[PDB]
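Novice:
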Amino acid sequence: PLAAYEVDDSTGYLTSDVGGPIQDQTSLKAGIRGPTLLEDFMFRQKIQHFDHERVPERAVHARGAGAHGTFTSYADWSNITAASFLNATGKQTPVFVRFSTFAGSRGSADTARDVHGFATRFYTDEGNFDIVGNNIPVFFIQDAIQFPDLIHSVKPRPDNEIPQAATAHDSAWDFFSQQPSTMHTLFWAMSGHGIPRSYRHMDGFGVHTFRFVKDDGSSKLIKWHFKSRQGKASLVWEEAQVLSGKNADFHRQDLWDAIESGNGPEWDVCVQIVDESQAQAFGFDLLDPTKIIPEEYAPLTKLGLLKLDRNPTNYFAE
Amino acid sequence: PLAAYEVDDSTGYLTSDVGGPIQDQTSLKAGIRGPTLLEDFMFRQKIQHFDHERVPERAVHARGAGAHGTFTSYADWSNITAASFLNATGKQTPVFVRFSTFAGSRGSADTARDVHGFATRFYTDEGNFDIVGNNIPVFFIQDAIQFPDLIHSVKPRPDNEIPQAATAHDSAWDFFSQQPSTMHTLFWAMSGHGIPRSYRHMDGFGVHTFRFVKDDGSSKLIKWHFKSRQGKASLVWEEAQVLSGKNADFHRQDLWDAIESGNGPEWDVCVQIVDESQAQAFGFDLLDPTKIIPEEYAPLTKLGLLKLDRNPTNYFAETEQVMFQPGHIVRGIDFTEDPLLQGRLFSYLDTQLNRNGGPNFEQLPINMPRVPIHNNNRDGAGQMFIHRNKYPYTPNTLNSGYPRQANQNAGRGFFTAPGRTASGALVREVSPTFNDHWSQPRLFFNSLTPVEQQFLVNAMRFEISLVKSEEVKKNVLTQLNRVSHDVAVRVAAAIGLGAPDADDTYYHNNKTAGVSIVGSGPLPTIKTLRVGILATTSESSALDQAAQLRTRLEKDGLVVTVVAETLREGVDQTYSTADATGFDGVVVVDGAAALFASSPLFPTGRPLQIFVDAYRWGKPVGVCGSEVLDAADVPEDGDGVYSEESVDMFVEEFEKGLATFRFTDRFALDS
Amino acid sequence: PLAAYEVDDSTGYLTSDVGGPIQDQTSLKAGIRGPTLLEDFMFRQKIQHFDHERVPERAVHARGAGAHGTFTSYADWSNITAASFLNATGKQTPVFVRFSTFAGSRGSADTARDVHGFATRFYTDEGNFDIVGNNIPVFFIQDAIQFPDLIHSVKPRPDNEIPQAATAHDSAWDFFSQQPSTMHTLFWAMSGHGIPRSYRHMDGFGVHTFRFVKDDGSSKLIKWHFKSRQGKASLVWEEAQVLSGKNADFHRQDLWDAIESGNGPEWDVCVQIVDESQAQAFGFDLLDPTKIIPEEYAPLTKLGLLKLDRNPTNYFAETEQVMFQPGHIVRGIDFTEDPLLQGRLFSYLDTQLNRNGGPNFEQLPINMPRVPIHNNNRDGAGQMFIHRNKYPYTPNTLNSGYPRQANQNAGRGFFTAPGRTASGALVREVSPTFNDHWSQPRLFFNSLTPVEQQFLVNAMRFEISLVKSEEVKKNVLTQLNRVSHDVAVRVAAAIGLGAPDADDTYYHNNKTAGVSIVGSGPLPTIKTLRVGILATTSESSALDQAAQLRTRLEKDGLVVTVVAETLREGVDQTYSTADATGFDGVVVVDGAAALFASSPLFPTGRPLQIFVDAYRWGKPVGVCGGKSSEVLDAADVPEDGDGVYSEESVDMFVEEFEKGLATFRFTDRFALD
Ligand code: HDD
Ligand code: HDD
Ligand code: HDD
Ligand SMILES: [Ca+2]
Ligand SMILES: [Ca+2]
Ligand SMILES: [Ca+2]
Ligand SMILES: [Ca+2]
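Residue numbers (the authors' numbering), protein chains in the order written: chain B, 22 to 339; chain A, 22 to 618, 622 to 649, 653 to 698; chain G, 22 to 618, 622 to 697.
This is the structure:
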């Protein structure tokens, strides 16, 4: 899929980045027990590269894992959207999905109690389309300007950076109790949805109401739901805690393994669709990201199938 | 110490970074249910800051914690070094220390099995001096150019980034078995030194040989040893694994708490001093960073006291941003031709460009010296100075020749030790003097106690059983067998391979003092150690028992946690949150016996699990007030098991057990 | 001012950045003729710093210069604005100003034909307030999203990066002719405003309509005008070209020198103030940044005095690192729905990440406010603060609800003008109120003097004749013709095409005051102006004459350069380094007549060339001593010419000459169509 960018090192002699053959195992020295020379460009190029390997971790969702796959549309959905990747029965579009926790830094445990990310890229024939979602269909806060307040409160206390990957401290609960919009997501995070059994055993939600827009300009309001075909399952807390120590990589390993064994996970990509005129028809505001539309009021339409079936080649690059 | 840079926000109205009062709770919208406006500068300034909060983590030692303190010189050391911070009895120099693991990213657990960093900055009156050390005195490799090979092999496999913070995978053991220089550090890491009980219960080492240089130009060779005054202690592996889940912040929390309670950790800062002529006199090469000098050949000299007694105010600003360099050297110290050291000097200057994003990293408060800076460095992103000198070149007349050159005879300049010399071809060759990779690993192993040796074998059994490649596993056995046949036999047994035939080239029976943990006697202090008292709210007698135990234990500086089903006055923690990993000793109060015989308030069996976990992990355990001990299957006649009606008799016994710290008779030995 | 951050190196021994004393003159080597060692940290720290000295130049206005100063309010302006720096008679606020060209990179010439920047920071007691203005009151385009298009077309062609600092190429005029909104600014840039005599002799404008907002919430619409107290003056093009070679630093030197000599430049900070209800009352839309309000409709109110009087200590730290934003706004001021202004607000915050390489650019000394900062911004690369508040989130109880929210009713908060409103579809559409691109360019042109109109026509003739594409040139003539048929005809004559037939839809005869340079009368002061006295060492009488003139002229605050073949006491520079571009007026002492009639000491004919150039460029020129005919005749300058002086009397000469310096340019020396 990214085959054109791949670099093969299964044969050949070591070179610099500019294709000059070199060695990289002993420094150049003035004598056999002597000081290392500044003119050793072999040493410096390799070590400079190493010194600069790291990049800033994501500001949130720093801990996560990804895979390639394919989306397949079940129908021509022109009746509800102009979107090209949905415009034909059987039409296939490559995807890349990253899953994650939320609070922890990039080496923290998969099985922390947290909100989880579920971010999907569709490389469509009319441009890249991302749905940047979570495993929980509502968010803590009602205005983006409050995002750093939330995140500051949930992340470790900033004098000592304790505790890692956890809401179980004064600041997070101070914020929750002072900012009551948080109640809905908090309840989700305190349920089993906070400790899913695997990325494969959770759903994905766009959270926000979006619009589907036809070529004639008419629009309808939608919510994205990615419904797991593996079922929904969770850990118990006292198991999660031990797991975080015994295998911090549990979720990424579970995903890697399922894909390698030919059991790549699948979701049904669904939307709830309602009219513009129903924005306040359900006893709340569809602009409010802390609310769900109960399925009794609006059923899921299944748009197509998302399957992940290919692991990355280089984790960092991809 | 950094007070000049502090910002107080305990009062006042919210402002922008340019002092304009604002709000930050609602976006500006076109109508009350409308879209957000581009002209909302309050939103964009706040969210832009947040968007850019993170900086790259350190390439290694990414997981760490720091503290401020003071170094105090014991003497005037002018007779061995010109170093100003060592030039008078009682002379004090502020320090900042960062401790760390090695392999893991930010957020990974403190109690991974790893090498640990112990990096110390002395803000001396003649410049910042850094000693960038580890808790293990030797390093894996013999040439800096191999560092990215070592690190790639030890860090997660790069297709899937698994596993985190662990050498327990094919690539690490492939490298170890192909690069036998790694044997000595590997044996250390597989010992209890890989899982210290805290930062405070480990030593620090400079690893390399450095030079002490006098004002008269003469030099001697030295090793730095920071010797803990809290004593040395370790976890056991099966405890550490659980701890990594239950509290990833265990070490940083232990350090923070010790300092906050007036129990700041101390080390004696020591050196071995030997003559230049003794570079090759001890059966190995002093330039070789995989070798120690046995203390039998060269005793330690105590130079002064290092104490940490002040926690940082902002972790990111101070701990995350502290940028250590072995290039931060002062007059009176010099480098050696250790090819590992040599290359570090390049690396630590370059790498801060990555972390800081620009060349003015030394201007961050935590990096600033405590004396005036006079040089012709200029410009660069993030330039914080306004330089008055508008002729920043040498030689000049238009600034009257300032700044003036400093050197051996002027301005207390740094100078390269003048006796130093180089001779021969310009070579990319390894000295044959480096070629013995096995003797000292065997020396180390020999110096551990029988049960210590078992722990090390068992760590290797654990890790090597997880290596998938049969050929790698065989290659590992080949190397271990060159250190010790018996080690190779015992680890081979766990992995269903045959050990190769004994190969006695490097076998011997010698021992060296000071490397064993379990052999180093009882801890010299038990202050800060954690006692969990397991009690119940269902009996008032239980709480009285716990309260009375608390009073007597806290007198002696122990941190006491009373556990019960629910919180109330006198109870610190619920059974739901309690774990044996959180305690150094565990006491059950007689009155709570029924609990150890179901509840919606904690997981089934939790109270007895704590007690049983603690026992099996080697901790002092007891009942104060045989019923409990039976249910636990813990023998009343066990060393480190206590059973007393009287609180005073119990405590007096139990505190002896806390000093012993681990009862190693509880662990099975091979054959 | 920024004294707290200053570093003194007038004494002491060289140290590293961490205070360890070192040397920095010889590398550490393995032997006296051997290789350099990696362990040489003295080498590496010094060279690393050097390697990383440079930062990205500004995306536009890369070429500029700055100074510190003070603003003094003339009144309590509470009646029109809540702004604290304007709230009392005599209230003083420190300022920093950077002036600039527009298109050129760093190291391009000050005296390119260009728009010029005039960016002012007020370090107010209620936060930093920036007015990021230009010397031309209108801009090329009507929507911020078009900025990169404008800038791409005006900057050098991207295959070979030619030409530098010039709109004189195809791509620029392709854009101008296809985007007629550009006409107004174009006409300005093609006038003398495109080549100002100095930063001190130009005005500053905010360009956009902004709002003044009172503490009661009512608002009015305003334009900022910074009016020079030095007078308005320009170079001529043929002079500016040579100057760009002889002294690329002319404007920055001019400004530096004026400040050092106690002649710091001043502006009256003014506004036009009109009602919200007049947004569309003046025959165009006040949201449209390509329009002026003619001052006949809305006169200037003088708010206070801006004076620049202190040069920077370190250019890079202060001038290069200053990071202006229109988003640096204070209570009492608000934005309008100017779609150009609207986008700027995003751009200036984002672009500082590129220049600074990180998010903490407001912590640079030149960027810091002069009041306490209280907020929950944290971390980021280059973080210079150590925050004590360990609960940086709102709402909190754990820091007792601090910091507190500031707004209209509490803590003197910024607030959006509450009368402000929006209505209608969410559209990517241009208001039809914006569609007249030609009438105001015509108004501007009408308001110039005849010779001034000729200068503008000639700048257009110069530039358009360098446009290679025939179709672009035709398209340019089309747009010019919609402003003025006469302009189209006259520019067309130079390039060998026909003008299109007159198209009178936007023609008119209206004029407006205060936009003309050559019409704005003699300069109000001649202090700082430069007089070159051409003398000779061959006659001791010539130097005596030069000395008498110097004394008389310096008394009146002129900067006097005595020029001769070689330096000595009394002579400031040699003919070799001297040029007419270096002077506002040129005097020959008649004792030096023989020079004007070969030397290894200067290029052939240099002395006469300086006098001839000065005359042809419109400057006051003269011969002092009584014998003028040999100099004047060699220069083909008529004794009876305006701005040509010939007196024996030193006193009489100076009195006359100084009136010529105030007149500044003698425009009778230029041919009209
Ligand atoms: C205004 C700030 C802010 C707000 C209100 C949101 N986040 Fe976000 N989110 C970010 C700021 C952002 C970010 C800081 O911009 C991140 C961090 C790394 C990145 O690329 O974007 C991001 C990361 C990001 C990731 C990781 C993507 C990946 O795997 O690389 C996911 C899945 C989400 N977020 C999901 C959401 C959901 C479902 C939201 C609520 C509906 C949400 N975020 C609110
Ligand atoms: C040529 C590469 C090189 C080699 C041979 C070494 N290291 Fe290193 N070390 C680095 C390159 C590196 C680095 C990548 O440059 C780091 C990462 C972040 C930094 O600031 O320096 C660093 C990090 C660093 C830290 C963390 C400092 C802190 O707390 O901020 C410690 C304690 C050490 N190392 C100690 C050692 C010891 C005792 C070594 C063997 C004697 C050693 N390193 C070999
Ligand atoms: C949306 C893009 C864009 C638009 C429409 C404008 N500019 Fe701008 N301007 C920038 C994009 C920007 C910038 C790229 O963001 C700069 C470059 C460096 C910086 O700090 O901001 C800038 C530089 C900047 C400077 C230099 C500031 C300094 O001295 O450091 C001045 C004086 C102006 N511009 C003035 C204006 C005027 C009076 C405008 C029309 C009314 C204008 N700009 C429109
Ligand atoms: Ca907290
Ligand atoms: Ca591996
Ligand atoms: Ca062109
Ligand atoms: Ca950068």
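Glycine included, C-beta positions come from ideal geometry on N, C-alpha and C.
Could you check how far apart the C-beta atoms of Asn155(G) and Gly138(G) are, in whole angstroms? I think they sit under 8 angstroms.
Specialist: Within the third sequence, the letter at position 134 stands for residue 155(G). Within the third sequence, the letter at position 117 stands for residue 138(G). Rounded, the Cβ-Cβ distance is 6 angstroms, consistent with contact.
Novice: Contact check, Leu327(G) vs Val290(G) under 8 angstroms by CB: the rounded distance?
Specialist: Stepping through the third sequence from its first residue, residue 327(G) is reached at position 306. Stepping through the third sequence from its first residue, residue 290(G) is reached at position 269. Correct: roughly 5 angstroms between the Cβ atoms.
Novice: Could you pull out every unbroken beta strand (DSSP E) segment of at least 3 residues lying fully inside the region 481-558 of chain A, listed in chain order?
Specialist: Here the runs fully enclosed are 551-555.
Novice: Is any non-hydrogen atom of ligand 2 found closer than 8 angstroms to the C-beta of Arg250(A), if you look at the structure I gave you?
Specialist: Position 229 of the second sequence, counted from the first residue, corresponds to residue 250(A). False, no ligand heavy atom lies under 8 angstroms from that Cβ.
Novice: How many Å lie between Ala165(A) and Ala614(A) at the Cα?
Specialist: Sequence index remark: in the second sequence, residue 165(A) carries index 144 (1-based). Sequence index remark: in the second sequence, residue 614(A) carries index 593 (1-based). Answer to the nearest angstrom: the Cα atoms are 59 angstroms apart.
Novice: So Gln346(A) and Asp195(A) are in contact, right, with Cβ under 8 angstroms, and what is the actual spacing, rounded?
Specialist: Along the second sequence, read from residue 1 onward, the residue named residue 346(A) stands at position 325. Along the second sequence, read from residue 1 onward, the residue named residue 195(A) stands at position 174. Between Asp195(A) and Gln346(A) the Cβ distance is about 32 angstroms, and since that is not below 8 angstroms, they are no contact.
Novice: Round the Cβ separation of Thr203(G) and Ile162(G) to the nearest angstrom and send it over; I've been treating them as touching at under 8 angstroms.
Specialist: One-based indexing of the third sequence puts residue 203(G) at position 182. One-based indexing of the third sequence puts residue 162(G) at position 141. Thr203(G) to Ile162(G), Cβ: 7 angstroms. Contact.
Novice: With 9 angstroms set as the bound, which would you pick, yes or no: does the beta-carbon of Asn420(A) sit closer than that to a beta-carbon of chain G?
Specialist: Counting from 1 along the second sequence, the entry for residue 420(A) is found at position 399. Yes, because at least one Cβ of chain G sits closer than 9 angstroms to the Cβ of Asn420(A).
Novice: For a test of the three-state rule: what should DSSP assign to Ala140(B), helix, strand or coil?
Specialist: As a first step, residue 140(B) must be located in the first sequence, where it is residue number 119. Correct three-state label for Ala140(B): strand.
Novice: Could you have a look at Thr582(G) and say whether DSSP puts it in helix, strand or coil?
Specialist: Position 561 of the third sequence, counted from the first residue, corresponds to residue 582(G). It is a strand residue.
Novice: Can at least three beta-carbon pairs, one atom from the region 313-321 of chain B and one from the region 286-302 of chain B, be found at a separation below 8 angstroms?
Specialist: Contact between the region 313-321 of chain B and the region 286-302 of chain B is present, because at least three Cβ pairs lie under 8 angstroms.
Novice: Between the region 273-282 of chain B and the region 276-283 of chain A, do at least 3 Cβ pairs fall closer than 8 angstroms?
Specialist: Touching, no, given that fewer than three Cβ pairs across the two stretches are closer than 8 angstroms.
Novice: Beta-carbon of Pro179(A) versus every beta-carbon of chain B: anything under 9 angstroms?
Specialist: In the second sequence, residue 179(A) corresponds to position 158, counting from 1. For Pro179(A), the answer is yes, since a Cβ of chain B falls inside 9 angstroms of its Cβ.
Novice: Please list, in chain order, the chain G residues whose beta carbon lies closer than 8 angstroms to that of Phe337(A).
Specialist: As a position in the second sequence, residue 337(A) is number 316, starting the count at 1. Those within 8 angstroms of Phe337(A) in chain G are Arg399, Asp400, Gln404.
Novice: Look up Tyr34(A) in the DSSP assignment and give the residues it is bridged to.
Specialist: Translated into positions along the second sequence, residue 34(A) becomes position 13. Answer is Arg425(G).
Novice: Counting contacts by CB-CB distance shorter than 9 angstroms, is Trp277(B) in contact with chain A?
Specialist: To locate residue 277(B), count along the first sequence from 1; it is residue 256. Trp277(B) counts as touching chain A.
Novice: Rounding to the nearest angstrom, what Cα-Cα distance links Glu316(G) and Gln373(G) in this structure?
Specialist: On the third sequence, position 295 is the one that residue 316(G) refers to. On the third sequence, position 352 is the one that residue 373(G) refers to. Rounded to whole angstroms, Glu316(G) to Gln373(G) spans 36 angstroms at the Cα level.
Novice: Which chain A residues sit within Cβ distance under 7 angstroms of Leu264(B)?
Specialist: What you label residue 264(B) is simply residue 243 of the first sequence in a count that begins at 1. Those within 7 angstroms of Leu264(B) in chain A are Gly266.
Novice: Going by the CB atoms, is the gap between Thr122(G) and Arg84(G) shorter than 9 angstroms?
Specialist: The count along the third sequence starts at 1 and reaches residue 84(G) at position 63. The count along the third sequence starts at 1 and reaches residue 122(G) at position 101. Going by C-beta atoms, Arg84(G) is nearer than 9 angstroms to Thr122(G).
Novice: On the DSSP bridge assignment, give the partners of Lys328(B) in chain order.
Specialist: Residue 328(B) sits at position 307 when you count from the first residue of the first sequence. DSSP lists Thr91(B), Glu287(B) as partners of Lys328(B).
Novice: Quick one: which residues of the region 26-50 of chain A get their C-beta closer than 7 angstroms to a C-beta of chain G? List them in chain order.
Specialist: Those would be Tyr26, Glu27, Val28, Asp29, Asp30, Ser31, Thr32, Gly33, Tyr34, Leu35, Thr36, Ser37, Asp38, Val39, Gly40, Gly41, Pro42, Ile43, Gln44, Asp45, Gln46, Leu49, in chain order.
Novice: Going by the CB atoms, is the gap between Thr340(G) and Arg119(G) shorter than 9 angstroms?
Specialist: For the purposes of this step, residue 119(G) is identified with residue 98 of the third sequence, where counting begins at 1. For the purposes of this step, residue 340(G) is identified with residue 319 of the third sequence, where counting begins at 1. In contact: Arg119(G) and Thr340(G) (Cβ atoms closer than 9 angstroms).
Novice: Where does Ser282(A) fall in DSSP's three states?
Specialist: To locate residue 282(A), count along the second sequence from 1; it is residue 261. The answer is coil: DSSP assigns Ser282(A) none of H, G, I, E or B.
Novice: What three-state label does DSSP hand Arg119(A) in the structure shown?
Specialist: Indexing the second sequence from 1 puts residue 119(A) at position 98. Strand at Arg119(A).
Novice: Apply the 10 Å Cβ neighbour rule to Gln301(A) and answer buried if 16 or more other Cβ atoms are within range, or exposed otherwise.
Specialist: Against the second sequence, residue 301(A) aligns to sequence position 280. Exposed is the call here.
Novice: Do three or more CB pairs link the region 425-438 of chain G to the region 31-47 of chain A at distances below 8 angstroms?
Specialist: They touch, by the three-pair rule.
Novice: So, does the region 504-518 of chain G touch the region 441-454 of chain G, judging by three or more C-beta pairs under 8 angstroms?
Specialist: Verdict: no, contact absent.
Novice: Taking a cut of 8 angstroms between CB atoms, which residues from the region 231-242 of chain B lie near chain A?
Specialist: The region 231-242 of chain B vs chain A, Cβ under 8 angstroms: nothing.
Novice: Between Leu308(A) and chain B, is any beta-carbon pair separated by less than 9 angstroms?
Specialist: Here the question's residue 308(A) lines up with position 287 in the second sequence. Closer than 9 angstroms: yes.
Novice: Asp275(B) and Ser219(B) - do their beta-carbons sit closer together than 9 angstroms?
Specialist: For the purposes of this step, residue 219(B) is taken as the residue at position 198 of the first sequence. For the purposes of this step, residue 275(B) is taken as the residue at position 254 of the first sequence. Cβ atoms of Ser219(B) and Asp275(B): closer than 9 angstroms.
Novice: Are the C-beta atoms of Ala446(G) and some chain A residue less than 9 angstroms apart?
Specialist: Position 425 of the third sequence, counted from the first residue, corresponds to residue 446(G). Taking Cβ atoms only, chain A never reaches closer than 9 angstroms to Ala446(G), which makes this a no.
Novice: May I have the straight-line CA-CA distance separating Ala130(B) from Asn100(B), to the nearest angstrom?
Specialist: On the first sequence, position 109 is the one that residue 130(B) refers to. On the first sequence, position 79 is the one that residue 100(B) refers to. When rounded, the distance between both Cα atoms is 44 angstroms.
Novice: With hydrogens ignored, establish whether the beta-carbon of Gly378(G) is closer than 8 angstroms to any heavy atom of ligand 7.
Specialist: As a position in the third sequence, residue 378(G) is number 357, starting the count at 1. For ligand 7, at least one heavy atom lies less than 8 angstroms from the Cβ of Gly378(G).
Novice: What's the C-alpha gap between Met389(A) and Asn396(A)?
Specialist: In the second sequence, counting from the first residue as 1, residue 389(A) sits at position 368. In the second sequence, counting from the first residue as 1, residue 396(A) sits at position 375. The straight-line gap from Cα to Cα measures roughly 14 angstroms.
Novice: Kindly examine ligand 3 and report whether one of its heavy atoms sits closer than 8 angstroms to the Cβ of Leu362(G).
Specialist: Taking the third sequence and counting its residues from 1, the one referred to as residue 362(G) is at position 341. Yes, Cβ of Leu362(G) sits closer than 8 angstroms to a heavy atom of ligand 3.
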